[PDB]
Amino acid sequence: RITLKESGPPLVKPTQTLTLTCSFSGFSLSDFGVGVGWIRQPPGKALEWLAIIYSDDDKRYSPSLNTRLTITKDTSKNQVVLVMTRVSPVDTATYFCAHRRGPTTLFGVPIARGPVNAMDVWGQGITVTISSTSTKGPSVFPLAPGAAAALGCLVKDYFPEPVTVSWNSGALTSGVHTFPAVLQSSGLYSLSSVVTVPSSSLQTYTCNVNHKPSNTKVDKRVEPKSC
Amino acid sequence: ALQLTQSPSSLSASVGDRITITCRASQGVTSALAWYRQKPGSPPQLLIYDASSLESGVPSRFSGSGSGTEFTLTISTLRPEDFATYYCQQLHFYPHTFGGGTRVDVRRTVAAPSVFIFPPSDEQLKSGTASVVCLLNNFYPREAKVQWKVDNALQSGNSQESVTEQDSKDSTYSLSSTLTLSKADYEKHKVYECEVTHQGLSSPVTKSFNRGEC
Amino acid sequence: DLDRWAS
């Protein structure tokens, strides 16, 4: 059984250097033709290939990132390290390392190369956020209005993830939509949480927001304005 | 470099359907192509290696064929765990490219979004910033287009949006879009509009308000 | 360039 696992800092600041380690078990980077590669996935985006290294020590890199990547192996520790320099916000992504089989051998003679055509086992992935920001609690603002009515709370400018939002201390669940946060160009996150109700219920509505990282709890009652 | 284009980018289906996803390469990659399935929150999982070989432990409903520049993955009888995003990967040329992915989600009947526009709170305005949010609630299919207009000027580069994951009961999606402006710029205009295009809407719907109107 | 096991 082959397993891989990524480790490194979850948070990194722009211009800094990011070092990611892939520790694995079940194979050796001294086994014939084996490879270990790195692939990343920005939130909501497609997979992007970064680099790979083989047991005979040949290395290859994405041409778009070549100047900022270094991949290396430590055979005796069963680890592969990928160093990315000068990171910027667009480098925020989940980073995965993965195993690549070498050709099948028969009495130590390569006879099948079809098994090298895939990365067959992947690590769970490690989430890395690139932002210059310091820990900071959100500002919470009201969002106020088939014949459904909508209202919500805008949880703005906080760092880092995550934040939790519930409605009426947990009693309001139907019609609730809490959207995934977006990382603003400022380096702070922002999210909305809304709830739809029969245009008659306008019943009281309060969003309970909690950002553990900064010890910031806020309950904000939201109503249909006009005094 | 080498381009790998997946089709379709998104696809709706129901349990029991037969689906086929295709991947085309800009130059021939021989048989060096792999398919993966990635479920939300998890790493991609190898399904098919070397264009058509079934990876060990992978269920037989998955099949891959093709070589050169055109490949296809077909799942013969879709199971609930197959609602996910699929990717193809080329390993003939460096860099070892991935396709853009194809999202497979629960089909349901078409539903237009209920649209709502929210002006910025007076509380936010006092801090000097103005956020205008637009909500597209419970729609299907997933593709939707939001266009902000301020006093009829088309906005660009000053909004951000996020979409919820498919609802497990509804099978619909919801989308939130935030237009951000300084309090000053905000004050220099009156009509804030959120224009929405979607398959379930005969023509674009616009929700708006005039700033300061009371 | 060609993958390590190409050609």
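Chains as they are written, first to last, in the authors' numbering: chain B, 1 to 35, 35A to 35B, 36 to 82, 82A to 82C, 83 to 100, 100A to 100N, 101 to 126, 133 to 189, 192 to 216; chain A, 1 to 214; chain C, 1 to 7.
All C-beta atoms, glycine included, are put in the ideal place defined by N, C-alpha and C.
Checklist entry - Can you check whether the CB of B:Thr21 is closer than 8 angstroms to the CB of B:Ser7? => result Indexing the first sequence from 1 puts residue 7 of chain B at position 7. Indexing the first sequence from 1 puts residue 21 of chain B at position 21. Yes, the Cβ-Cβ distance between B:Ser7 and B:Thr21 is below 8 angstroms.
Checklist entry - Using the beta-carbon count (16 or more within 10 Å), is A:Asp151 buried or exposed? => result Counting from one through the second sequence, the residue named residue 151 of chain A turns up at place 151. Result: exposed.
Item to check | Under 8 angstroms by beta carbon: chain B residues contacting A:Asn152 | outcome: Here residue 152 of chain A corresponds to residue number 152 of the second sequence, with the count starting at 1. Ordered by position in chain B, no residue passes the 8 angstroms Cβ test against A:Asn152, which lies about 24 angstroms from the chain.
Item to check | Proximal residues to B:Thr68 (C-beta, below 7 angstroms), its chain only, five neighbours per side dropped | outcome: Within the first sequence, numbered from 1, the residue matching residue 68 of chain B stands at position 70. Closer than 7 angstroms at the Cβ level, and outside the excluded window around B:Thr68, lie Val81.
Checklist entry - In three-state DSSP terms, what is B:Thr65? => result To locate residue 65 of chain B, count along the first sequence from 1; it is residue 67. Looking at B:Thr65 - three-state DSSP - the assignment turns out to be helix.
Item to check | Segment limits, alpha helix (DSSP H) that includes A:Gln90 | outcome: Counted from its first residue, the second sequence places residue 90 of chain A at position 90. First-last for A:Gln90: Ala84 to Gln90, but that is the beta strand (DSSP E), not the alpha helix (DSSP H).
Next on the checklist: By DSSP's criteria, B:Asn197 is part of a beta bridge. Which residues make up the other side?
Outcome noted: Translated into positions along the first sequence, residue 197 of chain B becomes position 208. Answer is B:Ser153 and B:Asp208.
Next on the checklist: Give me the residue from A:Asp17, A:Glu70 and A:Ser76 with the minimum Cα distance to A:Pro59.
Outcome noted: Locating residue 59 of chain A in the second sequence gives position 59, counting from the first residue. Ranking the options by Cα distance to A:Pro59, first place goes to A:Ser76.
Next on the checklist: Given the structure, does A:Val115 come close to the ligand ATP, in the sense that its CB is under 7 angstroms from one of the ligand's heavy atoms?
Outcome noted: This structure does not include the ligand ATP; it has no bound ligands of any sort.
Next on the checklist: Taking only three categories from DSSP, how would you classify A:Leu11?
Outcome noted: For the purposes of this step, residue 11 of chain A is taken as residue 11 along the second sequence, with counting starting at 1. Correct three-state label for A:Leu11: strand.
Item to check | alpha helix (DSSP H) segment containing A:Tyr186, residue limits | outcome: Here residue 186 of chain A refers to the residue found at position 186 of the second sequence. Here the alpha helix (DSSP H) through A:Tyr186 covers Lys183 to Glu187.
Checklist entry - Which ranges would you report for the beta strand (DSSP E) in the stretch 92-168 of chain A if only whole runs of at least 3 residues count? => result 102-106, 114-118, 129-139, 144-150 and 159-163
Checklist entry - Got a sec: is the Cβ-Cβ distance from A:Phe62 to anything in chain C below 8 angstroms? => result Taking the first residue of the second sequence as 1, we reach residue 62 of chain A at position 62. With 8 angstroms as the cut-off, A:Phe62 does not count as an interface residue toward chain C.
Next on the checklist: Just to confirm before moving on: does the CB-CB distance between A:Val191 and A:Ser208 stay below 8 angstroms?
Outcome noted: The sequence position of residue 191 of chain A within the second sequence is 191, counting from 1. The sequence position of residue 208 of chain A within the second sequence is 208, counting from 1. Yes, the Cβ-Cβ distance between A:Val191 and A:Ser208 is below 8 angstroms.
Next on the checklist: Would you say B:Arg100H lies against chain C (beta-carbon separation less than 8 angstroms)?
Outcome noted: Taking the first residue of the first sequence as position 1, residue 100H of chain B is located at position 113. With 8 angstroms as the cut-off, B:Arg100H counts as an interface residue toward chain C.
Checklist entry - How would you write the range of the beta strand (DSSP E) that B:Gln39 sits in, first residue to last? => result For the purposes of this step, residue 39 of chain B is identified with residue 41 of the first sequence, where counting begins at 1. That run of the beta strand (DSSP E) goes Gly35 to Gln39.
Next on the checklist: Taking CB distances under 8 angstroms as the criterion, tell me whether A:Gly101 reaches chain B.
Outcome noted: Here the question's residue 101 of chain A lines up with position 101 in the second sequence. Closer than 8 angstroms to some Cβ of chain B, the Cβ of A:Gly101 qualifies, so yes.
Checklist entry - Run through DSSP, which three-state label would A:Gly66 get? => result One-based indexing of the second sequence puts residue 66 of chain A at position 66. In this structure, A:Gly66 counts as strand in the three-state DSSP scheme.
Item to check | Residues of the stretch 105-129 of chain A whose Cβ lies closer than 9 angstroms to any Cβ of chain B, in chain order | outcome: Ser114, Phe116, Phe118, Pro119, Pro120, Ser121, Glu123, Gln124, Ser127 and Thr129
Next on the checklist: Going by DSSP, what residue range makes up the beta strand (DSSP E) through B:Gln77?
Outcome noted: The residue labelled residue 77 of chain B in the question sits at position 79 within the first sequence. B:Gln77 -> beta strand (DSSP E) spans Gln77 to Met82.
Checklist entry - Should A:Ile21 be labelled buried (16 or more other beta-carbon atoms within 10 Å of its own) or exposed? => result As a first step, residue 21 of chain A must be located in the second sequence, where it is residue number 21. By the neighbour-count rule (16 or more Cβ atoms within 10 Å), A:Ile21 is buried.
Checklist entry - Should A:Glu187 be labelled buried (16 or more other beta-carbon atoms within 10 Å of its own) or exposed? => result Counting from one through the second sequence, the residue named residue 187 of chain A turns up at place 187. By the 10 Å Cβ count, A:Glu187 comes out exposed.
Checklist entry - With 16 as the cutoff for other CB atoms within 10 Å, does B:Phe146 come out buried or exposed? => result Taking the first residue of the first sequence as position 1, residue 146 of chain B is located at position 159. Buried is the call here.
Checklist entry - Would B:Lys5 pass as a contact of B:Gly104 if the rule is Cβ separation under 8 angstroms? => result For the purposes of this step, residue 5 of chain B is taken as the residue at position 5 of the first sequence. For the purposes of this step, residue 104 of chain B is taken as the residue at position 123 of the first sequence. Yes; because the gap between Cβ atoms is below 8 angstroms, this pair is in contact.
Next on the checklist: With H, G and I counted as helix, E and B as strand and the rest as coil, what does DSSP make of B:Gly100I?
Outcome noted: Taking the first residue of the first sequence as position 1, residue 100I of chain B is located at position 114. Three-state DSSP puts B:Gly100I in a helix.
Next on the checklist: According to DSSP, simplified to helix, strand and coil, what is B:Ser120?
Outcome noted: Looking up residue 120 of chain B in the first sequence gives position 139. Looking at B:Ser120 - three-state DSSP - the assignment turns out to be strand.
Item to check | Nearest neighbour of B:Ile111, chosen from B:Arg38, B:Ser153 and B:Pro10 [CA to CA] | outcome: For the purposes of this step, residue 111 of chain B is identified with residue 130 of the first sequence, where counting begins at 1. The shortest C-alpha separation from B:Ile111 is found at B:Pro10.
Next on the checklist: Taking its Cβ as the centre, do 16 or more other Cβ atoms sit within 10 Å of B:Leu170, making it buried, or is it exposed?
Outcome noted: Reading the first sequence from its first residue, position 183 is the one you call residue 170 of chain B. So B:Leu170 ends up on the buried side.
Next on the checklist: Tell me the DSSP secondary structure of B:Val169 in three-state form.
Outcome noted: Reading the first sequence from its first residue, position 182 is the one you call residue 169 of chain B. Three-state result, B:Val169: strand.
Checklist entry - When Cβ atoms are compared, which residues of the stretch 43-59 of chain B fall closer than 9 angstroms to chain A? => result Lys43, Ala44, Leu45, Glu46, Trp47, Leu48, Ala49, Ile50, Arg58 and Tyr59
Checklist entry - Which residues bound the beta strand (DSSP E) around A:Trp35? => result Here residue 35 of chain A corresponds to residue number 35 of the second sequence, with the count starting at 1. First-last of the beta strand (DSSP E) with A:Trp35: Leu33 to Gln38.
Next on the checklist: Using a Cβ distance threshold of 8 angstroms, determine whether the stretch 112-131 of chain A contacts the stretch 149-167 of chain A, with at least three qualifying pairs required.
Outcome noted: no
Checklist entry - Of the residues A:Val29, A:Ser9, A:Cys194 and A:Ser174, which one's Cα is nearest the Cα of A:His92? => result Within the second sequence, numbered from 1, the residue matching residue 92 of chain A stands at position 92. Among A:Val29, A:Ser9, A:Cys194 and A:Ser174, the Cα nearest to that of A:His92 is on A:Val29.
Checklist entry - Beta-carbon of B:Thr183 versus every beta-carbon of chain A: anything under 8 angstroms? => result Position 196 of the first sequence, counting from 1, holds the residue named residue 183 of chain B. Yes, because at least one Cβ of chain A sits closer than 8 angstroms to the Cβ of B:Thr183.
Checklist entry - Quick one: is A:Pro43 buried, meaning 16 or more other Cβ sit within 10 Å of its Cβ, or exposed? => result Looking up residue 43 of chain A in the second sequence gives position 43. Per the 10 Å Cβ criterion, buried.
Checklist entry - If we ignore side chains and look at the alpha-carbon of each, how far apart do B:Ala88 and B:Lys214 end up? => result Here residue 88 of chain B refers to the residue found at position 93 when the first sequence is read from its first residue. Here residue 214 of chain B refers to the residue found at position 225 when the first sequence is read from its first residue. So the alpha carbons of these two residues sit roughly 40 angstroms apart.
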